[PDB]
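Peer 1: Handing you this structure, nothing more for now.
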Amino acid sequence: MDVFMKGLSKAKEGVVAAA
Amino acid sequence: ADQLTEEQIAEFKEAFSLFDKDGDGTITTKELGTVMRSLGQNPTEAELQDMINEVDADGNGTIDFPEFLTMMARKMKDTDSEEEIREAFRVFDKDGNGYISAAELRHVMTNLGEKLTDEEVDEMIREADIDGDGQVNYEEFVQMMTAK
Ligand SMILES: [Ca+2]
Ligand SMILES: [Ca+2]
Ligand SMILES: [Ca+2]
Ligand SMILES: [Ca+2]
């Protein structure tokens with residue numbers, strides 16, 4: 001989905017901040 | 001330096017062609033729904049129309065490479081990010097109890113071939129546990145992401 005594809009970036013760079 | 005570089009566009013361009021199976025440089029509702037179907041989903045034409053219609057600037061009912069490029073940088077503007085943040089809770093919260101439990105978080109991670117250790121998941125819940133209710137709610141979930 002247009003927004004679904006947007007989520008990939010959030011789980012990519014955003015999840016990195018964890019460690 | 002927030003200036004976009006030519007090499008960075010090539011990095012997402014290669015991934016872009018994977019979603020457009022037609023190879024015509026454009027994504028059609030049939031191409032997205034067909035691959036979206038693999039995600040074990042069954043959306044309707046009206047539901048997809050609102051999603052694609054919102055970012056359709058040429059009114060051609062398809063997403064063109066430059067339209068796609070705008071969404072990729074749109075993350076910095078955080079315009080639709082609010083929609084994804086609220087929608088993501090629905091996918092992460094499988095039980096629909098309105099609260100995400102520890103057993104529930106491991107399930108979605110496992111389907112994607114991802115898995116961490118209990119201590120890693122235990123510490124993650126401790127840090128995100130702001131209200132101290134023992135579960136993560138929409139309040140903690142939206143508040144956890146609005147950090148500078
Ligand atoms: Ca196409
Ligand atoms: Ca369009
Ligand atoms: Ca739940
Ligand atoms: Ca909590």
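Ligands are numbered from 1 in the order shown, chains are lettered A, B, ... in the order of the structure tokens, and residues start at 1 in each chain.
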Grab me every residue within 6 Å of ligand 3, counting only C-alpha atoms and all ligand atoms, and send it over as a list in words.

Peer 2: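 With only C-alpha atoms and all ligand atoms and a cut-off of 6 Å, ligand 3 is contacted by residues 93, 94, 95, 96, 97, 99, 100, 101 and 104 of chain B.
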
Peer 1: For the selection you just gave me, I'd like the residues written to a file as a short mmCIF file (atom, residue, chain, number, x, y, z; two decimals), in the first residue's frame, keeping N, CA and C atoms.

Peer 2:
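Here's the written file selection_31.cif:
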```cif
data_model
loop_
_atom_site.label_atom_id
_atom_site.label_comp_id
_atom_site.auth_asym_id
_atom_site.auth_seq_id
_atom_site.Cartn_x
_atom_site.Cartn_y
_atom_site.Cartn_z
N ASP B 93 -0.99 -4.87 17.08
CA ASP B 93 -1.95 -5.37 18.11
C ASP B 93 -2.87 -6.43 17.50
N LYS B 94 -2.40 -7.65 17.45
CA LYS B 94 -3.22 -8.76 16.87
C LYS B 94 -4.46 -9.05 17.72
N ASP B 95 -4.34 -9.01 19.02
CA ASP B 95 -5.50 -9.34 19.90
C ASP B 95 -6.58 -8.27 19.79
N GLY B 96 -6.22 -7.06 19.50
CA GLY B 96 -7.26 -6.00 19.38
C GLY B 96 -7.74 -5.59 20.77
N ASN B 97 -7.06 -6.02 21.80
CA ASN B 97 -7.48 -5.65 23.18
C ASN B 97 -7.21 -4.16 23.41
N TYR B 99 -4.35 -3.06 23.80
CA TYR B 99 -3.04 -3.08 24.51
C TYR B 99 -2.18 -4.19 23.89
N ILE B 100 -0.92 -3.95 23.71
CA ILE B 100 -0.04 -5.00 23.09
C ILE B 100 0.65 -5.81 24.19
N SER B 101 0.44 -7.10 24.23
CA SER B 101 1.09 -7.93 25.28
C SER B 101 2.44 -8.47 24.78
N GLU B 104 2.25 -11.35 22.16
CA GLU B 104 1.79 -10.84 20.85
C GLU B 104 2.95 -10.26 20.02
#
```

Peer 1: Let me see if you get this right: every residue at most 7 Å from ligand 2, counting only C-alpha atoms and all ligand atoms, written as a list in words.

Peer 2: residues 56, 57, 58, 59, 60, 61, 62, 63, 64 and 67 of chain B

Peer 1: Atoms to include: C-alpha atoms. Write the selected residues as a PDB file, in the first residue's frame.

Peer 2:
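File written: result33.pdb
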```pdb
ATOM      1  CA  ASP B  56      -2.241  10.647  -7.001  1.00  0.00           C
ATOM      2  CA  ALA B  57      -1.147  14.041  -8.438  1.00  0.00           C
ATOM      3  CA  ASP B  58      -1.648  13.253 -12.157  1.00  0.00           C
ATOM      4  CA  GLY B  59      -5.106  11.792 -11.491  1.00  0.00           C
ATOM      5  CA  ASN B  60      -4.081   8.821 -13.684  1.00  0.00           C
ATOM      6  CA  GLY B  61      -5.066   6.294 -10.976  1.00  0.00           C
ATOM      7  CA  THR B  62      -1.454   5.001 -10.841  1.00  0.00           C
ATOM      8  CA  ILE B  63       1.687   5.962  -8.921  1.00  0.00           C
ATOM      9  CA  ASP B  64       4.519   7.225 -11.114  1.00  0.00           C
ATOM     10  CA  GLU B  67       5.179  10.391  -7.108  1.00  0.00           C
TER      11      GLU B  67
END
```

Peer 1: For chain A, which residues have at least one atom within 9 Å of chain B, if we go by only C-alpha atoms? Write them as a ChimeraX atom specification, please.

Peer 2: /A:1-7,9-10,18

Peer 1: Please identify every polymer residue within 6 Å of ligand 4, using only C-alpha atoms and all ligand atoms, and present the set as a PyMOL selection string.

Peer 2: chain B and resi 129-136

Peer 1: Check chain B with DSSP on the backbone and list each residue it calls helix (DSSP H, G or I), as JSON, numbers by chain.

Peer 2: {"B": [6, 7, 8, 9, 10, 11, 12, 13, 14, 15, 16, 17, 18, 19, 29, 30, 31, 32, 33, 34, 35, 36, 37, 38, 45, 46, 47, 48, 49, 50, 51, 52, 53, 54, 55, 65, 66, 67, 68, 69, 70, 71, 72, 73, 74, 75, 76, 77, 81, 82, 83, 84, 85, 86, 87, 88, 89, 90, 91, 92, 102, 103, 104, 105, 106, 107, 108, 109, 110, 111, 118, 119, 120, 121, 122, 123, 124, 125, 126, 127, 128, 138, 139, 140, 141, 142, 143, 144, 145]}

Peer 1: Using only C-alpha atoms and all ligand atoms, which protein or nucleic acid residues are at most 6 Å from ligand 1, as a PyMOL selection string?

Peer 2: chain B and resi 20+22+24+26-28

Peer 1: Go ahead and write the residues just picked, N, CA and C atoms, as a PDB file, in the first residue's frame.

Peer 2:
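result09.pdb written:
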```
ATOM      1  N   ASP B  20       6.757  -2.645  -9.098  1.00  0.00           N
ATOM      2  CA  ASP B  20       6.112  -2.495 -10.440  1.00  0.00           C
ATOM      3  C   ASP B  20       6.460  -3.706 -11.322  1.00  0.00           C
ATOM      4  N   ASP B  22       4.949  -4.770 -13.766  1.00  0.00           N
ATOM      5  CA  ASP B  22       4.647  -4.474 -15.195  1.00  0.00           C
ATOM      6  C   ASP B  22       5.919  -3.997 -15.928  1.00  0.00           C
ATOM      7  N   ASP B  24       6.638  -1.107 -16.676  1.00  0.00           N
ATOM      8  CA  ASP B  24       6.289   0.111 -17.454  1.00  0.00           C
ATOM      9  C   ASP B  24       6.677   1.364 -16.668  1.00  0.00           C
ATOM     10  N   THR B  26       5.377   2.272 -13.948  1.00  0.00           N
ATOM     11  CA  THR B  26       4.183   2.788 -13.214  1.00  0.00           C
ATOM     12  C   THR B  26       3.559   1.645 -12.415  1.00  0.00           C
ATOM     13  N   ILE B  27       2.957   1.953 -11.299  1.00  0.00           N
ATOM     14  CA  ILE B  27       2.295   0.891 -10.483  1.00  0.00           C
ATOM     15  C   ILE B  27       0.781   0.995 -10.669  1.00  0.00           C
ATOM     16  N   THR B  28       0.160  -0.114 -10.962  1.00  0.00           N
ATOM     17  CA  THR B  28      -1.318  -0.131 -11.173  1.00  0.00           C
ATOM     18  C   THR B  28      -1.997  -0.800  -9.968  1.00  0.00           C
TER      19      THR B  28
END
```
